[PDB]
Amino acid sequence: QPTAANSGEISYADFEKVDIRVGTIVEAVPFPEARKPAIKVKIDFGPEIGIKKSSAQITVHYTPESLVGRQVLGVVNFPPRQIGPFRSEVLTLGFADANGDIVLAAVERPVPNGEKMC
């Protein structure tokens, strides 16, 4: 007969406090020191937040040339993360596909840079 652990549920506050924004990639280059292939990006999160640095394991489905102009979703309120010689400011969000390759989170149509996910 079944037994169970505690609820994994959260309050709205514990969701809201995670600041996820949409922004547009303005620069993309290879990330030479990455353990697994990656691309370093600069993302324009709009006039208030500004342009922020990030990286992602996204060389399978994407290229530096095709990424410029793509809107991505990122967590903007982590402390900076030192990734080898690169100091990342934002965590860029994605999903593993059927093969384990990274597919970016997106918006169904473009929206203003800097909008919060809700």
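The numbering used is simple: start at 1 and walk along the sequence shown.
Ranking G74, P80, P37, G50 by Cα temperature factor from the entry places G50 first. Sort the modelled residues of the chain by CA B factor and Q57 lands in the middle third. Among the modelled residues of the chain, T24 sits in the lowest third by CA temperature factor in this PDB entry. Residue-level temperature factors show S66 in the middle third of its chain, judged at the C-alpha atom.
Per the PDB record, residue ranking by Cα B-factor puts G84 in the lowest third of the chain.
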